[PDB]
Amino acid sequence: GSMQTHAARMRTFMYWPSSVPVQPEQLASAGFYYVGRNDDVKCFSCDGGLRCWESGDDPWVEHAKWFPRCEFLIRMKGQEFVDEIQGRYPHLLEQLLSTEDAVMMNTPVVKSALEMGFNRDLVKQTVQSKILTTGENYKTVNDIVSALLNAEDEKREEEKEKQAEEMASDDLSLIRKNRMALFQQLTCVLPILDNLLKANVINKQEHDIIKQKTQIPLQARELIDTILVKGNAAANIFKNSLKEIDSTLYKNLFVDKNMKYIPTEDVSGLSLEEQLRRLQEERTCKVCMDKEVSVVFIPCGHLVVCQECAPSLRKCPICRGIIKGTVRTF
Ligand SMILES: [Zn+2]
Ligand SMILES: [Zn+2]
Ligand SMILES: [Zn+2]
């Protein structure tokens, strides 16, 4: 409970990057403290996490958009304020679970940025991200110019990073692009799982985690995501094993590259609770391989980690998307 006081939260912002336009006082008053990496913050009350703050962001409003049941928020701002924000920006989370001259590229603000010479693709990615993470486009030219400059710097950093780490193989990329189709169509889990163990790509604890799931499809999605997290060596074992197990599936995925996906139902109509129930069922944190998954990444919408492991990740292990916030699954 050490972060329950305003004074304690302010002290954490000692390390806060001075260039972020959102000031420590605004964040701390809204219940957030600095977790110590980048510009990641968490609420002391609800444990909601938000990152990648931009000019014009109001911490109270973002708090209510994403964490409307937080007791601190409700006490400080009132239920009316929370209902108001939820009414203005409805169903932000559910939209994440559902996931070229668009309307968003043609507002006065965005045109003003384009007319200054900002790269059009950069503007598109930055605008798209803004809408998915906040439910709205840029409000002023000063805000978008500041966000675009920051986005340019992040892209440069990403370059250096991606260029210093081992590149994803073709095989890993293929598995990643066909994640959902494989969740649906892979039924031969154990031979592949045994082979990952024998290759020391996974250990016995991790082997047990996947083998003990109670239904084939539950085992299968744990296997696939574990592969995506472990990386190139796991993808290679998967590919080689599949060949011997199911020639038709191997061919579809790695040779003809013609897998067809089709959902049995549009869960998009189910309640948020039920969508999360299904997404979370017998899913184990892919980082610690011990605790249950209990976090949804914003804005990619993936369920991959527990609450203790989330703060350690800059990017989603599944899709490599930059994580801009974390919400609890229950
Ligand atoms: Zn909160
Ligand atoms: Zn974990
Ligand atoms: Zn993701």
# chains A, B, ... in the order shown; residues from 1 in each chain; ligands from 1
$ residues_around --residues "segment 256-259 of chain A" --least-positions-apart "4" --cutoff "10 Å" --atoms "only C-alpha atoms" --output "count of residues only"
9
$ residues_near_ligand --ligand "ligand 3" --cutoff "10 Å" --atoms "only C-alpha atoms and all ligand atoms" --output "ChimeraX atom specification"
/A:296-304,315-323
$ write_last_selection --atoms "C-alpha atoms" --output "PDB file, in the first residue's frame"
ATOM      1  CA  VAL A 296      -5.177  -7.964 -21.836  1.00  0.00           C
ATOM      2  CA  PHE A 297      -2.668  -5.808 -23.780  1.00  0.00           C
ATOM      3  CA  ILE A 298      -3.808  -2.450 -25.209  1.00  0.00           C
ATOM      4  CA  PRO A 299      -4.244  -2.002 -28.123  1.00  0.00           C
ATOM      5  CA  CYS A 300      -3.431  -5.389 -29.697  1.00  0.00           C
ATOM      6  CA  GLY A 301      -5.980  -7.155 -27.455  1.00  0.00           C
ATOM      7  CA  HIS A 302      -3.959 -10.346 -26.824  1.00  0.00           C
ATOM      8  CA  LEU A 303      -4.089 -12.486 -23.658  1.00  0.00           C
ATOM      9  CA  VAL A 304      -0.608 -13.774 -22.902  1.00  0.00           C
ATOM     10  CA  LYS A 315       6.091  -5.444 -26.690  1.00  0.00           C
ATOM     11  CA  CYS A 316       3.482  -8.189 -27.078  1.00  0.00           C
ATOM     12  CA  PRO A 317       5.370 -11.510 -27.420  1.00  0.00           C
ATOM     13  CA  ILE A 318       2.694 -12.722 -29.868  1.00  0.00           C
ATOM     14  CA  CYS A 319       2.386  -9.897 -32.439  1.00  0.00           C
ATOM     15  CA  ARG A 320       5.373  -7.700 -31.475  1.00  0.00           C
ATOM     16  CA  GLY A 321       3.036  -4.720 -31.068  1.00  0.00           C
ATOM     17  CA  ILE A 322       4.161  -1.977 -28.716  1.00  0.00           C
ATOM     18  CA  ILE A 323       2.112  -2.288 -25.502  1.00  0.00           C
TER      19      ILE A 323
END
$ residues_near_ligand --ligand "ligand 1" --cutoff "10 Å" --atoms "only C-alpha atoms and all ligand atoms" --output "mmCIF file with C-alpha atoms, in the first residue's frame"
data_model
loop_
_atom_site.group_PDB
_atom_site.id
_atom_site.type_symbol
_atom_site.label_atom_id
_atom_site.label_comp_id
_atom_site.auth_asym_id
_atom_site.auth_seq_id
_atom_site.Cartn_x
_atom_site.Cartn_y
_atom_site.Cartn_z
ATOM 1 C CA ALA A 30 -5.209 10.667 -10.926
ATOM 2 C CA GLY A 31 -3.809 7.808 -8.839
ATOM 3 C CA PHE A 32 -0.921 6.762 -11.075
ATOM 4 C CA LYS A 42 -0.009 2.122 -12.756
ATOM 5 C CA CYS A 43 -2.923 3.058 -10.536
ATOM 6 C CA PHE A 44 -2.397 2.267 -6.824
ATOM 7 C CA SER A 45 -6.058 1.324 -6.440
ATOM 8 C CA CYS A 46 -7.119 -0.689 -9.504
ATOM 9 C CA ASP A 47 -3.643 -1.640 -10.811
ATOM 10 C CA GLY A 48 -4.629 -0.477 -14.321
ATOM 11 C CA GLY A 49 -1.560 0.269 -16.452
ATOM 12 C CA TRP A 60 -8.435 11.288 -15.242
ATOM 13 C CA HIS A 63 -8.423 6.364 -16.199
ATOM 14 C CA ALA A 64 -12.209 6.285 -16.675
ATOM 15 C CA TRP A 66 -10.137 1.932 -19.364
ATOM 16 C CA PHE A 67 -10.659 1.289 -15.650
ATOM 17 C CA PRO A 68 -14.212 2.437 -14.874
ATOM 18 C CA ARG A 69 -14.643 0.152 -11.844
ATOM 19 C CA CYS A 70 -11.632 1.579 -9.974
ATOM 20 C CA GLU A 71 -12.631 2.551 -6.426
ATOM 21 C CA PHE A 72 -10.239 5.534 -6.310
ATOM 22 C CA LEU A 73 -11.524 6.972 -9.585
ATOM 23 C CA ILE A 74 -15.141 6.601 -8.437
#
$ residues_near_ligand --ligand "ligand 2" --cutoff "8 Å" --atoms "only C-alpha atoms and all ligand atoms" --output "PDB file with N, CA, C and O atoms, in the first residue's frame"
ATOM      1  N   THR A 284      -2.210 -20.092 -19.610  1.00  0.00           N
ATOM      2  CA  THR A 284      -1.152 -19.864 -18.633  1.00  0.00           C
ATOM      3  C   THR A 284      -0.224 -18.761 -19.127  1.00  0.00           C
ATOM      4  O   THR A 284       0.063 -18.686 -20.322  1.00  0.00           O
ATOM      5  N   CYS A 285       0.260 -17.927 -18.211  1.00  0.00           N
ATOM      6  CA  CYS A 285       1.205 -16.866 -18.561  1.00  0.00           C
ATOM      7  C   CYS A 285       2.382 -17.426 -19.334  1.00  0.00           C
ATOM      8  O   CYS A 285       3.061 -18.347 -18.867  1.00  0.00           O
ATOM      9  N   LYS A 286       2.651 -16.860 -20.505  1.00  0.00           N
ATOM     10  CA  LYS A 286       3.714 -17.396 -21.361  1.00  0.00           C
ATOM     11  C   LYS A 286       5.122 -16.963 -20.934  1.00  0.00           C
ATOM     12  O   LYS A 286       6.117 -17.491 -21.435  1.00  0.00           O
ATOM     13  N   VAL A 287       5.207 -16.031 -19.992  1.00  0.00           N
ATOM     14  CA  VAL A 287       6.508 -15.593 -19.492  1.00  0.00           C
ATOM     15  C   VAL A 287       6.965 -16.445 -18.314  1.00  0.00           C
ATOM     16  O   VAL A 287       8.068 -16.991 -18.327  1.00  0.00           O
ATOM     17  N   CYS A 288       6.121 -16.573 -17.294  1.00  0.00           N
ATOM     18  CA  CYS A 288       6.514 -17.374 -16.136  1.00  0.00           C
ATOM     19  C   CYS A 288       6.062 -18.834 -16.229  1.00  0.00           C
ATOM     20  O   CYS A 288       6.542 -19.683 -15.481  1.00  0.00           O
ATOM     21  N   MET A 289       5.151 -19.123 -17.156  1.00  0.00           N
ATOM     22  CA  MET A 289       4.603 -20.481 -17.325  1.00  0.00           C
ATOM     23  C   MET A 289       4.197 -21.107 -15.998  1.00  0.00           C
ATOM     24  O   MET A 289       4.419 -22.303 -15.749  1.00  0.00           O
ATOM     25  N   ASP A 290       3.607 -20.296 -15.128  1.00  0.00           N
ATOM     26  CA  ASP A 290       3.175 -20.772 -13.819  1.00  0.00           C
ATOM     27  C   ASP A 290       1.765 -20.288 -13.514  1.00  0.00           C
ATOM     28  O   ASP A 290       0.833 -21.085 -13.403  1.00  0.00           O
ATOM     29  N   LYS A 291       1.618 -18.975 -13.383  1.00  0.00           N
ATOM     30  CA  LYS A 291       0.320 -18.371 -13.126  1.00  0.00           C
ATOM     31  C   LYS A 291      -0.584 -18.287 -14.358  1.00  0.00           C
ATOM     32  O   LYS A 291      -0.122 -18.329 -15.492  1.00  0.00           O
ATOM     33  N   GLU A 292      -1.882 -18.164 -14.117  1.00  0.00           N
ATOM     34  CA  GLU A 292      -2.853 -18.007 -15.193  1.00  0.00           C
ATOM     35  C   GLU A 292      -2.691 -16.664 -15.888  1.00  0.00           C
ATOM     36  O   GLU A 292      -2.276 -15.682 -15.272  1.00  0.00           O
ATOM     37  N   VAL A 293      -3.027 -16.624 -17.174  1.00  0.00           N
ATOM     38  CA  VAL A 293      -3.134 -15.349 -17.872  1.00  0.00           C
ATOM     39  C   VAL A 293      -4.190 -14.518 -17.169  1.00  0.00           C
ATOM     40  O   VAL A 293      -5.253 -15.040 -16.811  1.00  0.00           O
ATOM     41  N   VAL A 305      -0.161 -12.906 -20.650  1.00  0.00           N
ATOM     42  CA  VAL A 305       0.608 -12.911 -19.400  1.00  0.00           C
ATOM     43  C   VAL A 305      -0.219 -12.721 -18.137  1.00  0.00           C
ATOM     44  O   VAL A 305      -1.395 -12.345 -18.202  1.00  0.00           O
ATOM     45  N   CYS A 306       0.407 -12.982 -16.990  1.00  0.00           N
ATOM     46  CA  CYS A 306      -0.190 -12.667 -15.692  1.00  0.00           C
ATOM     47  C   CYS A 306       0.179 -11.240 -15.314  1.00  0.00           C
ATOM     48  O   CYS A 306       0.982 -10.595 -15.995  1.00  0.00           O
ATOM     49  N   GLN A 307      -0.389 -10.757 -14.216  1.00  0.00           N
ATOM     50  CA  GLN A 307      -0.170  -9.379 -13.788  1.00  0.00           C
ATOM     51  C   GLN A 307       1.276  -9.103 -13.361  1.00  0.00           C
ATOM     52  O   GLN A 307       1.782  -7.999 -13.569  1.00  0.00           O
ATOM     53  N   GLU A 308       1.948 -10.093 -12.772  1.00  0.00           N
ATOM     54  CA  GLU A 308       3.320  -9.875 -12.322  1.00  0.00           C
ATOM     55  C   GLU A 308       4.301  -9.769 -13.488  1.00  0.00           C
ATOM     56  O   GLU A 308       5.290  -9.048 -13.404  1.00  0.00           O
ATOM     57  N   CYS A 309       4.025 -10.479 -14.579  1.00  0.00           N
ATOM     58  CA  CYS A 309       4.950 -10.506 -15.713  1.00  0.00           C
ATOM     59  C   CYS A 309       4.759  -9.378 -16.728  1.00  0.00           C
ATOM     60  O   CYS A 309       5.664  -9.089 -17.506  1.00  0.00           O
ATOM     61  N   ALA A 310       3.585  -8.753 -16.741  1.00  0.00           N
ATOM     62  CA  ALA A 310       3.292  -7.741 -17.754  1.00  0.00           C
ATOM     63  C   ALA A 310       4.233  -6.528 -17.743  1.00  0.00           C
ATOM     64  O   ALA A 310       4.658  -6.061 -18.810  1.00  0.00           O
TER      65      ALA A 310
END
$ closest_atom_pairs --of "segment 48-121 of chain A" --to "segment 5-19 of chain A" --cutoff "12 Å" --atoms "only C-alpha atoms" --output "Markdown table"
| residue | atom | partner | partner_atom | distance |
| --- | --- | --- | --- | --- |
| A:51 | CA | A:16 | CA | 12.0 |
| A:52 | CA | A:17 | CA | 11.3 |
| A:53 | CA | A:19 | CA | 10.7 |
| A:54 | CA | A:19 | CA | 10.1 |
| A:55 | CA | A:19 | CA | 10.2 |
| A:72 | CA | A:5 | CA | 11.7 |
$ residues_around --residues "residue 103 of chain A" --least-positions-apart "2" --cutoff "12 Å" --atoms "only C-alpha atoms" --output "number ranges by chain"
A: 100-101, 105-111, 124, 127-128, 131, 137
$ residues_around --residues "residue 233 of chain A" --least-positions-apart "4" --cutoff "10 Å" --atoms "only C-alpha atoms" --output "compact mmCIF listing (two decimals) with N, CA and C atoms, in the first residue's frame"
# COMPACT_ATOMS: atom_id res chain seq x y z
N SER A 169 12.44 -15.76 -38.20
CA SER A 169 12.60 -16.58 -39.41
C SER A 169 11.33 -16.56 -40.25
N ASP A 171 9.75 -19.21 -41.03
CA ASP A 171 8.86 -20.17 -40.37
C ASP A 171 8.12 -19.56 -39.19
N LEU A 172 8.81 -18.79 -38.36
CA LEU A 172 8.14 -18.13 -37.25
C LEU A 172 7.07 -17.18 -37.79
N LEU A 196 9.72 -30.58 -28.66
CA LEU A 196 10.24 -29.34 -28.09
C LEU A 196 11.01 -29.61 -26.78
N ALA A 199 14.38 -31.23 -27.45
CA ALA A 199 15.33 -30.28 -28.03
C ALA A 199 15.74 -29.22 -27.02
N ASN A 200 15.22 -29.33 -25.80
CA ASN A 200 15.46 -28.34 -24.76
C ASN A 200 15.02 -26.92 -25.13
N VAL A 201 14.06 -26.81 -26.05
CA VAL A 201 13.44 -25.52 -26.34
C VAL A 201 12.46 -25.15 -25.22
N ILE A 227 5.18 -21.48 -28.77
CA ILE A 227 6.10 -21.44 -29.91
C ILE A 227 6.40 -19.99 -30.34
N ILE A 237 11.36 -26.61 -34.90
CA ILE A 237 10.90 -27.91 -34.39
C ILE A 237 9.45 -28.16 -34.79
N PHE A 238 8.61 -27.14 -34.64
CA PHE A 238 7.22 -27.25 -35.05
C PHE A 238 7.13 -27.66 -36.52
$ atom_distance --atom1 "atom CA of residue 179 of chain A" --atom2 "atom CA of residue 264 of chain A"
15.7 Å
$ atom_distance --atom1 "atom CA of residue 155 of chain A" --atom2 "atom CA of residue 28 of chain A"
28.4 Å
$ closest_residue --among "A:87, A:191, A:78, A:56" --to "residue 130 of chain A" --atoms "only C-alpha atoms"
A:56
$ closest_residue --among "A:20, A:186, A:96, A:327" --to "residue 149 of chain A" --atoms "only C-alpha atoms"
A:20
$ decode --residues "segment 140-173 of chain A" --atoms "N, CA, C and O atoms" --output "PDB file, in the first residue's frame"
ATOM      1  N   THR A 140      -5.856  19.038 -31.408  1.00  0.00           N
ATOM      2  CA  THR A 140      -5.236  20.286 -31.837  1.00  0.00           C
ATOM      3  C   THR A 140      -3.978  19.993 -32.618  1.00  0.00           C
ATOM      4  O   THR A 140      -3.390  18.927 -32.474  1.00  0.00           O
ATOM      5  N   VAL A 141      -3.554  20.967 -33.416  1.00  0.00           N
ATOM      6  CA  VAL A 141      -2.326  20.853 -34.198  1.00  0.00           C
ATOM      7  C   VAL A 141      -1.082  20.701 -33.311  1.00  0.00           C
ATOM      8  O   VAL A 141      -0.188  19.901 -33.610  1.00  0.00           O
ATOM      9  N   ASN A 142      -1.025  21.452 -32.217  1.00  0.00           N
ATOM     10  CA  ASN A 142       0.088  21.297 -31.292  1.00  0.00           C
ATOM     11  C   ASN A 142       0.188  19.865 -30.753  1.00  0.00           C
ATOM     12  O   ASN A 142       1.283  19.324 -30.644  1.00  0.00           O
ATOM     13  N   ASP A 143      -0.953  19.253 -30.438  1.00  0.00           N
ATOM     14  CA  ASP A 143      -0.954  17.877 -29.943  1.00  0.00           C
ATOM     15  C   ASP A 143      -0.420  16.898 -30.994  1.00  0.00           C
ATOM     16  O   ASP A 143       0.438  16.079 -30.693  1.00  0.00           O
ATOM     17  N   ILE A 144      -0.921  16.972 -32.226  1.00  0.00           N
ATOM     18  CA  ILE A 144      -0.511  15.997 -33.232  1.00  0.00           C
ATOM     19  C   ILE A 144       0.944  16.201 -33.652  1.00  0.00           C
ATOM     20  O   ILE A 144       1.671  15.239 -33.903  1.00  0.00           O
ATOM     21  N   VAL A 145       1.380  17.449 -33.724  1.00  0.00           N
ATOM     22  CA  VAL A 145       2.773  17.704 -34.081  1.00  0.00           C
ATOM     23  C   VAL A 145       3.692  17.113 -33.017  1.00  0.00           C
ATOM     24  O   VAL A 145       4.710  16.484 -33.329  1.00  0.00           O
ATOM     25  N   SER A 146       3.327  17.310 -31.753  1.00  0.00           N
ATOM     26  CA  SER A 146       4.116  16.738 -30.654  1.00  0.00           C
ATOM     27  C   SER A 146       4.106  15.197 -30.679  1.00  0.00           C
ATOM     28  O   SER A 146       5.149  14.565 -30.512  1.00  0.00           O
ATOM     29  N   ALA A 147       2.932  14.594 -30.881  1.00  0.00           N
ATOM     30  CA  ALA A 147       2.835  13.129 -31.007  1.00  0.00           C
ATOM     31  C   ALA A 147       3.626  12.571 -32.190  1.00  0.00           C
ATOM     32  O   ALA A 147       4.238  11.506 -32.083  1.00  0.00           O
ATOM     33  N   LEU A 148       3.603  13.282 -33.317  1.00  0.00           N
ATOM     34  CA  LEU A 148       4.299  12.830 -34.522  1.00  0.00           C
ATOM     35  C   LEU A 148       5.820  12.892 -34.347  1.00  0.00           C
ATOM     36  O   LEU A 148       6.538  11.987 -34.775  1.00  0.00           O
ATOM     37  N   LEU A 149       6.315  13.957 -33.729  1.00  0.00           N
ATOM     38  CA  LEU A 149       7.742  14.034 -33.433  1.00  0.00           C
ATOM     39  C   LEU A 149       8.157  12.887 -32.517  1.00  0.00           C
ATOM     40  O   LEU A 149       9.172  12.237 -32.760  1.00  0.00           O
ATOM     41  N   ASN A 150       7.358  12.619 -31.483  1.00  0.00           N
ATOM     42  CA  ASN A 150       7.661  11.527 -30.572  1.00  0.00           C
ATOM     43  C   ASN A 150       7.611  10.184 -31.298  1.00  0.00           C
ATOM     44  O   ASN A 150       8.471   9.322 -31.086  1.00  0.00           O
ATOM     45  N   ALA A 151       6.617  10.019 -32.170  1.00  0.00           N
ATOM     46  CA  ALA A 151       6.481   8.791 -32.952  1.00  0.00           C
ATOM     47  C   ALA A 151       7.689   8.542 -33.853  1.00  0.00           C
ATOM     48  O   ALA A 151       8.153   7.404 -33.968  1.00  0.00           O
ATOM     49  N   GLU A 152       8.203   9.595 -34.486  1.00  0.00           N
ATOM     50  CA  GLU A 152       9.409   9.530 -35.324  1.00  0.00           C
ATOM     51  C   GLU A 152      10.614   9.016 -34.530  1.00  0.00           C
ATOM     52  O   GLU A 152      11.398   8.188 -34.992  1.00  0.00           O
ATOM     53  N   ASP A 153      10.762   9.530 -33.310  1.00  0.00           N
ATOM     54  CA  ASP A 153      11.870   9.094 -32.464  1.00  0.00           C
ATOM     55  C   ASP A 153      11.700   7.610 -32.081  1.00  0.00           C
ATOM     56  O   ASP A 153      12.665   6.845 -32.081  1.00  0.00           O
ATOM     57  N   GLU A 154      10.473   7.201 -31.774  1.00  0.00           N
ATOM     58  CA  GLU A 154      10.230   5.806 -31.394  1.00  0.00           C
ATOM     59  C   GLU A 154      10.522   4.871 -32.559  1.00  0.00           C
ATOM     60  O   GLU A 154      11.086   3.800 -32.380  1.00  0.00           O
ATOM     61  N   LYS A 155      10.145   5.287 -33.759  1.00  0.00           N
ATOM     62  CA  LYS A 155      10.423   4.490 -34.939  1.00  0.00           C
ATOM     63  C   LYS A 155      11.937   4.318 -35.126  1.00  0.00           C
ATOM     64  O   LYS A 155      12.405   3.239 -35.496  1.00  0.00           O
ATOM     65  N   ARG A 156      12.703   5.369 -34.847  1.00  0.00           N
ATOM     66  CA  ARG A 156      14.157   5.300 -34.994  1.00  0.00           C
ATOM     67  C   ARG A 156      14.737   4.318 -33.983  1.00  0.00           C
ATOM     68  O   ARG A 156      15.644   3.532 -34.298  1.00  0.00           O
ATOM     69  N   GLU A 157      14.206   4.361 -32.767  1.00  0.00           N
ATOM     70  CA  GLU A 157      14.614   3.428 -31.721  1.00  0.00           C
ATOM     71  C   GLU A 157      14.291   1.987 -32.109  1.00  0.00           C
ATOM     72  O   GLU A 157      15.126   1.089 -31.951  1.00  0.00           O
ATOM     73  N   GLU A 158      13.077   1.771 -32.608  1.00  0.00           N
ATOM     74  CA  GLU A 158      12.653   0.457 -33.074  1.00  0.00           C
ATOM     75  C   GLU A 158      13.607  -0.069 -34.136  1.00  0.00           C
ATOM     76  O   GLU A 158      13.962  -1.239 -34.131  1.00  0.00           O
ATOM     77  N   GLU A 159      14.028   0.803 -35.044  1.00  0.00           N
ATOM     78  CA  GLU A 159      14.979   0.408 -36.071  1.00  0.00           C
ATOM     79  C   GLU A 159      16.219  -0.189 -35.425  1.00  0.00           C
ATOM     80  O   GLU A 159      16.550  -1.349 -35.668  1.00  0.00           O
ATOM     81  N   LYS A 160      16.892   0.601 -34.595  1.00  0.00           N
ATOM     82  CA  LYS A 160      18.099   0.151 -33.911  1.00  0.00           C
ATOM     83  C   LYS A 160      17.893  -1.164 -33.159  1.00  0.00           C
ATOM     84  O   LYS A 160      18.758  -2.039 -33.162  1.00  0.00           O
ATOM     85  N   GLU A 161      16.743  -1.302 -32.513  1.00  0.00           N
ATOM     86  CA  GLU A 161      16.430  -2.507 -31.761  1.00  0.00           C
ATOM     87  C   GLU A 161      16.335  -3.693 -32.712  1.00  0.00           C
ATOM     88  O   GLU A 161      17.157  -4.626 -32.666  1.00  0.00           O
ATOM     89  N   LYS A 162      15.329  -3.654 -33.581  1.00  0.00           N
ATOM     90  CA  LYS A 162      15.074  -4.757 -34.501  1.00  0.00           C
ATOM     91  C   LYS A 162      16.357  -5.167 -35.211  1.00  0.00           C
ATOM     92  O   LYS A 162      16.584  -6.351 -35.484  1.00  0.00           O
ATOM     93  N   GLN A 163      17.205  -4.179 -35.484  1.00  0.00           N
ATOM     94  CA  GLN A 163      18.459  -4.416 -36.191  1.00  0.00           C
ATOM     95  C   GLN A 163      19.577  -4.989 -35.315  1.00  0.00           C
ATOM     96  O   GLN A 163      20.580  -5.462 -35.840  1.00  0.00           O
ATOM     97  N   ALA A 164      19.405  -4.961 -33.992  1.00  0.00           N
ATOM     98  CA  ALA A 164      20.406  -5.511 -33.064  1.00  0.00           C
ATOM     99  C   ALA A 164      20.033  -6.905 -32.517  1.00  0.00           C
ATOM    100  O   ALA A 164      20.856  -7.587 -31.892  1.00  0.00           O
ATOM    101  N   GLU A 165      18.788  -7.311 -32.739  1.00  0.00           N
ATOM    102  CA  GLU A 165      18.296  -8.602 -32.264  1.00  0.00           C
ATOM    103  C   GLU A 165      18.147  -9.580 -33.419  1.00  0.00           C
ATOM    104  O   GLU A 165      18.042  -9.185 -34.571  1.00  0.00           O
ATOM    105  N   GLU A 166      18.106 -10.864 -33.093  1.00  0.00           N
ATOM    106  CA  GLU A 166      17.901 -11.894 -34.095  1.00  0.00           C
ATOM    107  C   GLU A 166      16.544 -11.740 -34.762  1.00  0.00           C
ATOM    108  O   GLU A 166      15.511 -11.642 -34.105  1.00  0.00           O
ATOM    109  N   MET A 167      16.577 -11.734 -36.084  1.00  0.00           N
ATOM    110  CA  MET A 167      15.408 -11.590 -36.924  1.00  0.00           C
ATOM    111  C   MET A 167      14.482 -12.809 -36.838  1.00  0.00           C
ATOM    112  O   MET A 167      14.946 -13.945 -36.779  1.00  0.00           O
ATOM    113  N   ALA A 168      13.174 -12.578 -36.833  1.00  0.00           N
ATOM    114  CA  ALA A 168      12.212 -13.677 -36.945  1.00  0.00           C
ATOM    115  C   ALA A 168      12.444 -14.429 -38.256  1.00  0.00           C
ATOM    116  O   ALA A 168      12.623 -13.805 -39.302  1.00  0.00           O
ATOM    117  N   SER A 169      12.440 -15.759 -38.201  1.00  0.00           N
ATOM    118  CA  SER A 169      12.600 -16.581 -39.407  1.00  0.00           C
ATOM    119  C   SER A 169      11.335 -16.565 -40.253  1.00  0.00           C
ATOM    120  O   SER A 169      10.277 -16.134 -39.786  1.00  0.00           O
ATOM    121  N   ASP A 170      11.434 -17.040 -41.495  1.00  0.00           N
ATOM    122  CA  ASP A 170      10.245 -17.209 -42.325  1.00  0.00           C
ATOM    123  C   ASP A 170       9.240 -18.136 -41.629  1.00  0.00           C
ATOM    124  O   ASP A 170       8.024 -17.899 -41.650  1.00  0.00           O
ATOM    125  N   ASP A 171       9.746 -19.206 -41.029  1.00  0.00           N
ATOM    126  CA  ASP A 171       8.863 -20.173 -40.371  1.00  0.00           C
ATOM    127  C   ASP A 171       8.115 -19.559 -39.188  1.00  0.00           C
ATOM    128  O   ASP A 171       6.912 -19.765 -39.030  1.00  0.00           O
ATOM    129  N   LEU A 172       8.814 -18.794 -38.358  1.00  0.00           N
ATOM    130  CA  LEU A 172       8.142 -18.130 -37.252  1.00  0.00           C
ATOM    131  C   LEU A 172       7.075 -17.176 -37.792  1.00  0.00           C
ATOM    132  O   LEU A 172       5.954 -17.135 -37.286  1.00  0.00           O
ATOM    133  N   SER A 173       7.415 -16.409 -38.826  1.00  0.00           N
ATOM    134  CA  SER A 173       6.470 -15.440 -39.366  1.00  0.00           C
ATOM    135  C   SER A 173       5.219 -16.116 -39.929  1.00  0.00           C
ATOM    136  O   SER A 173       4.109 -15.609 -39.775  1.00  0.00           O
TER     137      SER A 173
END
